[PDB]
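This report concerns only the one structure given below.
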Amino acid sequence: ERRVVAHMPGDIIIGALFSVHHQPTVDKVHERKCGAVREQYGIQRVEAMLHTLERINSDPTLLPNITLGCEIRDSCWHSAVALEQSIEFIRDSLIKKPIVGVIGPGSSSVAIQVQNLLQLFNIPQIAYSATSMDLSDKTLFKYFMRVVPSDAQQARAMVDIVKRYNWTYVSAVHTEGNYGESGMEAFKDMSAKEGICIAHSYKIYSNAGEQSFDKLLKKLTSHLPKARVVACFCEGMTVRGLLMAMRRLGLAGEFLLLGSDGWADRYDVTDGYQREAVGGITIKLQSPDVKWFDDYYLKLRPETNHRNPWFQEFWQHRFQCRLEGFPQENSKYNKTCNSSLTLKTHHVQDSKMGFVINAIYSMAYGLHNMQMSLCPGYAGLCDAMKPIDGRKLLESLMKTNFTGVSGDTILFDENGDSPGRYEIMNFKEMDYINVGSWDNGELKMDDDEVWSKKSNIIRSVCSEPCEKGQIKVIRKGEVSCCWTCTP
Amino acid sequence: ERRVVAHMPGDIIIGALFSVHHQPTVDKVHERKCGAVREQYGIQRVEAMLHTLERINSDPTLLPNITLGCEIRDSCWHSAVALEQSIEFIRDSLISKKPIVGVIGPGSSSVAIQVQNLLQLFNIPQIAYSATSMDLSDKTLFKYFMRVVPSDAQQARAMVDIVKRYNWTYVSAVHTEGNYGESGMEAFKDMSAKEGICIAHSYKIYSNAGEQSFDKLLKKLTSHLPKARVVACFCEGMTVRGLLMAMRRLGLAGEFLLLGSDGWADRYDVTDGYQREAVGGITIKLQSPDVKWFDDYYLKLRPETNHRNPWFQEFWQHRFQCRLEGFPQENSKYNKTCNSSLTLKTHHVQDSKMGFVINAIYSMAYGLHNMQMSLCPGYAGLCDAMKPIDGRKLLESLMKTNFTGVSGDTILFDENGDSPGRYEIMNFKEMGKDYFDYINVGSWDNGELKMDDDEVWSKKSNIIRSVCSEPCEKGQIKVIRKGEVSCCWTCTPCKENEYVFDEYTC
Ligand SMILES: *[C@@H]1O[C@H](CO)[C@@H](O)[C@H](O)[C@H]1NC(C)=O
Ligand SMILES: *[C@@H]1O[C@H](CO)[C@@H](O)[C@H](O)[C@H]1NC(C)=O
Ligand SMILES: *[C@@H]1O[C@H](CO)[C@@H](O)[C@H](O)[C@H]1NC(C)=O
Ligand SMILES: *[C@@H]1O[C@H](CO)[C@@H](O)[C@H](O)[C@H]1NC(C)=O
Ligand SMILES: *[C@@H]1O[C@H](CO)[C@@H](O)[C@H](O)[C@H]1NC(C)=O
Ligand SMILES: *[C@@H]1O[C@H](CO)[C@@H](O)[C@H](O)[C@H]1NC(C)=O
Ligand SMILES: [Mg+2]
């Protein structure tokens with residue numbers, strides 16, 4: 001109740017919807033009472049927003065004589081609360097200091113709802129983790145950009161990997177959802193057009209159980225001789241459940257798991273089942289650590305950081321102590337916060353931190369190019385920039401081309417989507433180790449590191465090529481890659 | 001004469017009078033045979049017209065589903081030829097094909113006066129891009145005249161507020177006699193006198209005499225050396241250079257402060273090689289940024305491709321002093337032949353008032369758009385109320401027009417069809433090893449005068465004082481009206497038995 005907002009003043013104010021708290025319980029959905037505080041998706045991304053705007057105001061090349069402000073609201077990873085705060089943006093325009101554009105939110109569905117709201121008022125929205133290829137349609141989501149690649153780009157990466165190693169007959173398993181269905185149908189179309197055959201579409205949920213995973217493993221073994229590669233558009237723990245199935249049913253290394261981004265180099269899926277895990281090839285989303293972010297965030301102190309209102313709550317929650325003498329001091333904590341406490345103690349940077357920073361820079365560069373166009377000779381905001389036109393800002397943001405925080409030359413296509421830049425990992429008995437890269441179609445790889453020799457490359461084919469004497473290829477009737485050699 | 005016209009088709013056609021050629025020789029004024037081609041005032045402004053109409057037709061927000069055409073005629077900077085071409089405008093208007101809705105230009109203020117006197121007879125709105133003379137401010141006499149440039153009176157107001165800001169009560173005045181000197185000087189006199197500033201004397205000097213008259217006038221200016229030191233200069237370009245040559249000759253090196261006009265704003269040919277006496281002067285420059293997209297268009301042009309501009313072959317041959325072999329408009333008497341490597345980027349200088357030409361074209365376009373939005377509310381193109389366009393209605397729309405210019409300016413016209421003044425103040429300072437340069441010191445935006453006080457002067461003591469009489473002691477004031485000047489008094493002791501009635505008499 002009476003939600004707080006971390007807002008920074010400036011000549012231009014950019015809205016931000018971060019997931020500071022967890023989504024409310026099933027009970028309080030009609031009440032909108034968020035859960036515990038979130039470290040990575042919350043406080044870290046809020047501080048990223050704040051310090052990135054500070055660093056952008058510091059830069060004299062980008063937006064000179066203009067101050068960038070923000071208004072950071074808690075989305076709580078739930079469509080309803082995000083809609084509440086987006087409505088607060090829409091009314092807070094009212095025309096103090098209207099919101100030019102919104103950053104986020106996290107979830108793709110929550111992003112869809114926030115976009116359906118914002119496009120009604122011509123407010124450009126840039127996402128940092130919304131990947132579902134439903135948002136690629138710009139007739140339905142006119143003002144939606146994103147610095148992350150769609151799920152279709154990842155399915156394209158898997159298609160070209162299966163292509164490169166001449167795997168014509170492959171099985172398919174996906175975690176059913178708005179990600180499984182999407183990635184799997186994109187993979188099906190792309191593979192079928194490239195000349196690859198699928199056994200059929202297998203869907204397994206993560207919370208099925210330790211018997212449905214075994215039934216699905218047997219349904220996958222029902223194609224044991226011909227197919228050996230299982231294209232896996234799967235969540236994180238779905239791969240661990242299938243590795244537990246490989247342990248149970250004793251299929252140790254009888255199949256090749258082409259892992260998705262859910263299982264990229266995340267140890268918690270393999271550890272203690274590393275036996276069956278060896279051999280798998282996984283797609284990881286290339287995300288380097290933003291050094292200067294860590295340098296800023298790890299120095300923070302609740303004694304000093306007052307602009308982030310959730311930082312006192314976060315300090316008490318992370319260290320399970322009580323910030324004695326502070327305004328947001330909470331009881332029910334037995335221990336008291338020691339002055340030695342530091343954020344460096346077991347610090348893990350946010351998964352997609354680089355993408356949050358890149359989206360903030362995307363908004364900043366769009367505003368800067370709009371100022372350079374509308375106000376040619378002016379340094380700050382001339383009368384064409386007062387007020388900023390949402391339509392014109394969108395026009396500029398669609399054209400935006402800049403070099404990201406990690407060296408990426410990030411730019412948006414006609415559909416407001418960003419190019420895919422993944423790195424391929426192989427789980428080898430030495431750990432996930434890098435084996436190649438995928439840059440928007442350009443697939444380079446270390447062929448003689450995933451396999452020792454050219455003979456070791458597992459073959460996945462339904463029917464062997466017909467004899468030079470006995471050539472006549474005849475379609476059996478069930479699959480296109482299964483023929484009968486007749487005279 | 002069979003003059004050629006650069007015309008572009010459209011649903012609405014806008015006339016334009018640009019100065020493609022020089023004005024005819026004194027002999028051929030009754031013959032109307034124009035001179036050499038002009039790069040900046042000519043070809044550049046013609047291409048500006050054409051490409052600006054292209055870019056406006058590209059915009060779906062401004063005039064959607066309507067095509068803007070034009071008819072670009074050579075005014076030759078001479079009243080007679082401009083009247084000829086304006087007559088062709090008004091007659092193919094009367095005949096209907098494709099009447100001329102409005103005219104852009106011309107350049108000269110006198111030629112603008114004549115063209116306006118012609119056009120207003122047929123209710124054709126005219127927008128000027130360089131006609132500044134404040135004679136055109138009267139709308140009872142020039143009912144259909146707009147202009148995106150400020151009047152000369154706005155510039156005199158800028159000088160008045162500059163003299164005001166630095167407490168310069170007693171200043172001398174010099175102007176180049178003409179339709180600009182007289183105007184600016186009388187406006188300055190009225191404004192200064194109302195603000196509380198006195199004039200030492202108003203000297204008028206012509207640009208063509210000199211080397212004796214400049215020295216006599218410099219001596220007449222020195223006849224007030226101690227009291228007055230600031231000389232408000234409503235002067236042409238080379239008049240300031242003549243006065244700097246006088247300062248060189250008579251050895252008055254930095255004995256006076258020259259408050260320069262737009263004739264000498266950052267115009268180097270006035271200072272160069274006399275930069276010694278030029279240092280210190282404060283000049284008003286008309287803020288004109290470079291139109292990037294214009295250059296991007298113009299510098300790519302090629303006579304092999306550009307056929308819509310008929311003068312482009314002549315211009316290509318003249319600028320590069322070569323011969324366009326194999327072309328229809330190929331001219332002899334050129335010894336060299338045109339190389340295929342030749343580019344317009346070679347020593348390119350954008351037109352002085354290019355932004356204003358583009359802003360005038362946009363003014364006409366936005367006026368037409370607002371007229372279409374009013375007459376035809378739901379319609380996209382031209383309904384029957386827009387067929388035909390009423391000159392009176394178009395004028396009504398253009399007077400109310402308010403839009404954001406090419407450079408971010410909020411261009412709008414007042415009740416007198418004049419635009420707000422947006423000037424920038426320059427100071428000629430010695431910047432290091434023999435590097436003399438005009439440097440920005442502040443801005444004047446229709447009354448709002450911002451400035452960098454501690455950059456034109458190092459300290460508050462360095463600010464030159466220009467005052468006739470020092471303030472009288474508070475006890476014994478008795479300021480005496482001599483009878484000749486309004487603010488030049490003599491401080492006298494008030495009679496011991498008399499009382500201090502006011503600050504003027506006892
Ligand atoms: C504008 O920016 C310059 C640096 O580029 C700075 O020196 C100046 O103080 C700024 N002025 C305003 C009014 O922001
Ligand atoms: C992106 O911008 C750079 C300049 O920083 C330019 O060289 C490059 O061609 C641009 N690329 C695209 C695709 O616009
Ligand atoms: C206006 O022009 C567009 C093309 O830009 C065309 O599709 C549309 O049909 C036109 N509208 C009318 C009413 O003619
Ligand atoms: C002008 O005089 C007033 C006092 O009448 C003073 O306050 C002001 O600073 C002066 N301005 C300048 C530029 O000297
Ligand atoms: C054309 O230009 C090139 C480069 O400027 C020059 O080397 C060449 O000699 C020129 N050709 C003629 C015929 O002058
Ligand atoms: C802009 O134009 C409108 C015409 O409707 C006028 O009322 C308004 O005063 C103009 N803006 C300014 C700042 O004068
Ligand atoms: Mg900045």
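In the structure tokens, chains take the letters A, B, ... in the order shown, each chain's residues start at 1, and ligands count up from 1 in the order shown.
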
What are the residues of chain A that have an atom within 8 Å of an atom of chain B, counting only C-alpha atoms, as a short mmCIF file (atom, residue, chain, number, x, y, z; two decimals) with N, CA and C atoms, in the first residue's frame?
data_model
loop_
_atom_site.label_atom_id
_atom_site.label_comp_id
_atom_site.auth_asym_id
_atom_site.auth_seq_id
_atom_site.Cartn_x
_atom_site.Cartn_y
_atom_site.Cartn_z
N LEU A 374 15.71 17.34 -34.36
CA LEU A 374 14.78 18.45 -34.14
C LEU A 374 15.53 19.75 -33.88
N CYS A 375 16.52 19.71 -32.97
CA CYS A 375 17.27 20.90 -32.60
C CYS A 375 18.69 20.82 -33.16
N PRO A 376 18.91 21.21 -34.42
CA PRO A 376 20.24 21.02 -35.03
C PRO A 376 21.34 21.82 -34.34
N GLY A 377 21.17 23.14 -34.26
CA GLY A 377 22.17 23.99 -33.65
C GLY A 377 22.10 24.06 -32.14
N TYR A 378 20.94 23.76 -31.56
CA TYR A 378 20.77 23.87 -30.12
C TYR A 378 21.55 22.79 -29.40
N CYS A 382 15.41 22.59 -27.61
CA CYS A 382 14.77 23.72 -28.26
C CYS A 382 13.26 23.55 -28.16
N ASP A 383 12.51 24.36 -28.90
CA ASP A 383 11.06 24.31 -28.81
C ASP A 383 10.47 23.10 -29.53
N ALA A 384 11.24 22.45 -30.41
CA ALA A 384 10.76 21.22 -31.04
C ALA A 384 10.80 20.05 -30.07
#

Q: Determine which residues of stretch 430-487 of chain A receive a DSSP assignment of alpha helix (DSSP H), computed from the backbone, and state them as number ranges by chain.
A: A: 447-450

Write the selection just made, keeping C-alpha atoms, as a PDB file, in the first residue's frame?
ATOM      1  CA  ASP A 447      34.618 -28.739 -34.629  1.00  0.00           C
ATOM      2  CA  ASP A 448      37.598 -30.764 -33.365  1.00  0.00           C
ATOM      3  CA  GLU A 449      37.027 -29.885 -29.695  1.00  0.00           C
ATOM      4  CA  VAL A 450      33.456 -31.107 -29.203  1.00  0.00           C
TER       5      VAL A 450
END

Q | Atomic distance atom CA of residue B:340 - atom 9 (O, counted along the ligand's line) of ligand 5, expressed in Å with one decimal | A | 10.0 Å

Q: Name the residues, by chain letter and number, that sit within 7 Å of ligand 7 using only C-alpha atoms and all ligand atoms, and give them as a list in words.
A: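 With only C-alpha atoms and all ligand atoms and a cut-off of 7 Å, ligand 7 is contacted by residues 56, 57, 58, 59, 60, 61, 62, 63, 64, 65, 66 and 67 of chain A.
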
Please save N, CA, C and O atoms of the selected residues as an mmCIF file, in the first residue's frame.
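The result, stored in selection.cif:
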data_model
loop_
_atom_site.group_PDB
_atom_site.id
_atom_site.type_symbol
_atom_site.label_atom_id
_atom_site.label_comp_id
_atom_site.auth_asym_id
_atom_site.auth_seq_id
_atom_site.Cartn_x
_atom_site.Cartn_y
_atom_site.Cartn_z
ATOM 1 N N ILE A 56 25.473 8.704 -17.750
ATOM 2 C CA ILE A 56 25.065 9.313 -19.014
ATOM 3 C C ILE A 56 25.044 10.832 -18.891
ATOM 4 O O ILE A 56 25.455 11.548 -19.813
ATOM 5 N N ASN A 57 24.578 11.350 -17.751
ATOM 6 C CA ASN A 57 24.657 12.787 -17.517
ATOM 7 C C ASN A 57 26.103 13.255 -17.433
ATOM 8 O O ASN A 57 26.400 14.415 -17.744
ATOM 9 N N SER A 58 27.013 12.371 -17.018
ATOM 10 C CA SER A 58 28.429 12.726 -16.982
ATOM 11 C C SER A 58 29.004 12.880 -18.386
ATOM 12 O O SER A 58 29.878 13.723 -18.614
ATOM 13 N N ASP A 59 28.535 12.075 -19.332
ATOM 14 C CA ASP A 59 29.088 12.084 -20.685
ATOM 15 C C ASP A 59 28.738 13.380 -21.406
ATOM 16 O O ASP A 59 27.549 13.691 -21.561
ATOM 17 N N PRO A 60 29.724 14.162 -21.860
ATOM 18 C CA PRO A 60 29.404 15.363 -22.643
ATOM 19 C C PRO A 60 29.103 15.076 -24.103
ATOM 20 O O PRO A 60 28.510 15.932 -24.772
ATOM 21 N N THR A 61 29.489 13.906 -24.618
ATOM 22 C CA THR A 61 29.177 13.564 -26.001
ATOM 23 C C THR A 61 27.712 13.178 -26.162
ATOM 24 O O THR A 61 27.080 13.534 -27.163
ATOM 25 N N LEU A 62 27.162 12.449 -25.196
ATOM 26 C CA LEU A 62 25.781 11.989 -25.240
ATOM 27 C C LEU A 62 24.912 12.939 -24.423
ATOM 28 O O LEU A 62 25.113 13.081 -23.211
ATOM 29 N N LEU A 63 23.948 13.579 -25.091
ATOM 30 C CA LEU A 63 23.013 14.524 -24.484
ATOM 31 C C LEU A 63 23.726 15.615 -23.692
ATOM 32 O O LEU A 63 23.682 15.612 -22.455
ATOM 33 N N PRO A 64 24.391 16.560 -24.358
ATOM 34 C CA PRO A 64 25.050 17.648 -23.629
ATOM 35 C C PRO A 64 24.079 18.772 -23.305
ATOM 36 O O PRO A 64 23.248 19.160 -24.129
ATOM 37 N N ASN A 65 24.208 19.305 -22.088
ATOM 38 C CA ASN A 65 23.352 20.359 -21.542
ATOM 39 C C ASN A 65 21.920 19.892 -21.297
ATOM 40 O O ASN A 65 21.019 20.719 -21.141
ATOM 41 N N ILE A 66 21.686 18.581 -21.258
ATOM 42 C CA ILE A 66 20.406 18.016 -20.849
ATOM 43 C C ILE A 66 20.650 17.084 -19.671
ATOM 44 O O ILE A 66 21.648 16.356 -19.640
ATOM 45 N N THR A 67 19.739 17.110 -18.702
ATOM 46 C CA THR A 67 19.795 16.224 -17.548
ATOM 47 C C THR A 67 18.740 15.139 -17.712
ATOM 48 O O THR A 67 17.572 15.443 -17.974
#

Report the closest atom pair, with its distance in Å rounded to one decimal, for each residue of chain B that has an atom no farther than 12 Å from ligand 1; count only C-alpha atoms and all ligand atoms, sort by chain and then rising residue number, and write it as JSON lines.
{"residue": "B:442", "atom": "CA", "partner": "ligand 1", "partner_atom_place_in_ligand_line": "13 (C)", "distance": 11.9}
{"residue": "B:450", "atom": "CA", "partner": "ligand 1", "partner_atom_place_in_ligand_line": "13 (C)", "distance": 10.9}
{"residue": "B:451", "atom": "CA", "partner": "ligand 1", "partner_atom_place_in_ligand_line": "13 (C)", "distance": 11.6}
{"residue": "B:452", "atom": "CA", "partner": "ligand 1", "partner_atom_place_in_ligand_line": "9 (O)", "distance": 11.2}

Q: Looking only at strand (DSSP E or B) from DSSP on the backbone, list the matching residues of stretch 331-413 of chain A as a list in words.
A: residues 401, 402, 403, 409, 410 and 411 of chain A

Selection export as a compact mmCIF listing (two decimals), in the first residue's frame, atoms kept: N, CA, C and O atoms:
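Written out: part.txt:
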# COMPACT_ATOMS: atom_id res chain seq x y z
N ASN A 401 21.27 3.14 -33.62
CA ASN A 401 22.43 2.30 -33.91
C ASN A 401 23.54 2.76 -32.98
O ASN A 401 24.04 3.88 -33.14
N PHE A 402 23.94 1.92 -32.02
CA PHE A 402 25.01 2.35 -31.12
C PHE A 402 25.80 1.13 -30.65
O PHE A 402 25.36 -0.01 -30.79
N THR A 403 26.96 1.40 -30.06
CA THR A 403 27.87 0.37 -29.58
C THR A 403 27.63 0.14 -28.09
O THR A 403 27.85 1.05 -27.28
N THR A 409 27.68 -3.98 -31.26
CA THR A 409 27.05 -2.96 -32.09
C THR A 409 25.56 -3.29 -32.14
O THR A 409 25.09 -3.99 -33.04
N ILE A 410 24.83 -2.79 -31.16
CA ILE A 410 23.41 -3.08 -31.01
C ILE A 410 22.58 -2.09 -31.81
O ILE A 410 22.82 -0.87 -31.78
N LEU A 411 21.61 -2.62 -32.55
CA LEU A 411 20.68 -1.86 -33.37
C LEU A 411 19.41 -2.69 -33.54
O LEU A 411 19.43 -3.92 -33.40

Q | Residue among B:494, B:485, B:156, B:20 lying closest to residue B:39, counting only C-alpha atoms | A | B:20

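Each residue with an atom within 8 Å of any atom of ligand 4 appears in the list, which was built counting only C-alpha atoms and all ligand atoms: residues 165, 166, 167, 453, 460 and 463 of chain B.
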
Generate a file of the selected residues that holds N, CA, C and O atoms, formatted as an mmCIF file, in the first residue's frame.
data_model
loop_
_atom_site.group_PDB
_atom_site.id
_atom_site.type_symbol
_atom_site.label_atom_id
_atom_site.label_comp_id
_atom_site.auth_asym_id
_atom_site.auth_seq_id
_atom_site.Cartn_x
_atom_site.Cartn_y
_atom_site.Cartn_z
ATOM 1 N N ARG B 165 22.291 47.738 -21.171
ATOM 2 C CA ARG B 165 22.758 46.786 -20.169
ATOM 3 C C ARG B 165 24.081 47.207 -19.538
ATOM 4 O O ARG B 165 24.306 46.950 -18.349
ATOM 5 N N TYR B 166 24.962 47.860 -20.298
ATOM 6 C CA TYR B 166 26.273 48.260 -19.798
ATOM 7 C C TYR B 166 26.333 49.727 -19.376
ATOM 8 O O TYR B 166 27.425 50.305 -19.335
ATOM 9 N N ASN B 167 25.191 50.324 -19.026
ATOM 10 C CA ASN B 167 25.117 51.691 -18.498
ATOM 11 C C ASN B 167 25.922 52.677 -19.348
ATOM 12 O O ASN B 167 26.783 53.405 -18.852
ATOM 13 N N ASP B 453 29.102 38.370 -19.417
ATOM 14 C CA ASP B 453 29.671 39.665 -19.055
ATOM 15 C C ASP B 453 31.170 39.574 -18.805
ATOM 16 O O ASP B 453 31.926 40.474 -19.191
ATOM 17 N N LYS B 460 35.173 43.823 -13.815
ATOM 18 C CA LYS B 460 34.146 44.854 -13.840
ATOM 19 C C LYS B 460 34.734 46.247 -14.020
ATOM 20 O O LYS B 460 34.023 47.155 -14.465
ATOM 21 N N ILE B 463 35.297 47.458 -17.916
ATOM 22 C CA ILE B 463 34.141 47.834 -18.726
ATOM 23 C C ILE B 463 34.226 49.330 -19.014
ATOM 24 O O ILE B 463 34.107 50.154 -18.104
#
